[PDB]
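Given next, in structure tokens, is a single chain: the form deposited without the DNA.
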């Protein structure tokens, strides 16, 4: 019936990037600190699933002092293969030709690197970001292999420490990326047993998490990349939504009930109707915190206003939407593709979901993504820490109702 429990002493830590100048009145380790500490303690293996690499000023054609943390991350990674650590890096194939200075330097250092052509395989991209260290620890979250991800962009991830069972489960997902990064690869009709898992929505892994029992599993996207035991990302996410009885707090960079960039536009109401059902059938309080910046897709506005219109005193329907805007001063505004909140996570009164994907259809049907799902009885824990980060952001001055003036938010914002 139920698969074997895990005996490892797992400890989870939420790790954040807080961009320079973003202040919150009255603390977690930073992505940069957590990463440097994962590298310093690596003795055998490092697997990185990645979207792109821009860790240096040279990569972005800037001269920013705040790129130093990214350049120190690259320097540490270059010491790993020479000292005997097996480094494997899966990266998304860019759509055109692009310079690959970081990956060259790591190849030169002895790391193995495979480009994955998800466009050929699924019409999507390899979007996931995660690290697996020594088959024991992993990072899963929103931060890219990008110096801007350490200092100029707001990020949210988790580091699971001392949790070899779950790290090995994550390595299985990595191994599918690693296989597909080979010449002549196609998606097998059936994935071999080597990739399958017992740990999923129906039977999550029983773990001991910061000293108390928890239920954890890893979900994966797109469906072609899921062996039969592997819960698909979208199914995991909708299960948290459908099980919520008091609130759903969602902080995601983009939300769009469409299959974004489809030449014939394609409506995609899967998550939308989940949130509508939750609030109308079960009286769930839904708070959606969507990021906004100069690159936001302007069609988001009408769909977000559609959701917000459901608030009704007498139906106990209570959806609220805010936009989170990272301010950019003059010098910051010259950094390409920065000053935005990249977080992607969901928390309810009983469950956590930490993902790598934005909430539009292609991320769940074509593009590679992963998410960690944890449930755990008892006040406190990982779940209350994530709720606290959400409420911090929701109540901060960086969060704005949809009627807010564009000239109040401290940055370009296409949704206002």
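Positions refer to the first chain, counted from 1.
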* Would you class the number of unmodelled deposited residues between residue 63 and residue 64 as none, 1 to 3, 4 to 9, or 10 or more? -> none
* Looking only at CA atoms, which has the higher mean B factor in the entry: 123-131 or 88-96? -> 88-96
* Output the stretch having the higher mean C-alpha B factor in the entry; the candidates are 236-244 and 113-121. => 113-121
* Between 76, 203, 343, 306, where does the Cα B-factor run highest in the record? -> 76
* Top Cα B factor in the deposited entry, candidates 312, 273, 155, 169 -> 312
* Asked: Thinking about Cα B factors across the chain, which third does residue 39 belong to?
  -> highest
* Asked: residue 393's Cα B-factor: lowest, middle or highest third of the chain?
  -> lowest
* Of the three thirds of its chain by CA temperature factor, lowest, middle or highest, which one includes residue 322? -> lowest
* Asked: What third of the chain, by the recorded C-alpha B-factor, contains residue 266?
  -> highest
* Looking at the C-alpha B-factor of residue 250, is it in the lowest, middle or highest third of its chain? -> lowest
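What comes next is about the form solved in complex with the DNA, which is not displayed.
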* Are 88, 135 and 177 jointly within 4.5 Å of the DNA in the deposited bound form, each by at least one heavy atom? -> no
* Given that the DNA is left out here, which of 353, 363, 53, 390 has a heavy atom within 4.5 Å of it in the deposited bound form? -> 363
* Structure fact -> the DNA in the deposited bound form has a heavy atom of only one listed residue within 4.5 Å, and of 325, 166, 153, 221 that residue is 153
* Asked: According to a 4.5 angstroms non-hydrogen atom cut-off, is residue 294 in contact with the DNA in the deposited bound form?
  -> yes
* Any non-hydrogen atom of residue 78 within 4.5 angstroms of the DNA in the deposited bound form -> no
* Asked: Is residue 290 a contact residue for the DNA in the deposited bound form, using a 4.5 Å heavy atom cut-off?
  -> no
* Asked: Are any of the heavy atoms in residue 346 no more than 4.5 Å from a heavy atom of the DNA in the deposited bound form?
  -> no
* Structure fact -> TL;DR on 40-48, 355-363, 372-380, 63-71: the one with heavy atoms within 4.5 Å of the DNA in the deposited bound form is 355-363
* Asked: So which residues in 92-122, when you check the DNA in the deposited bound form, have a heavy atom no farther than 4.5 Å from it?
  -> 119
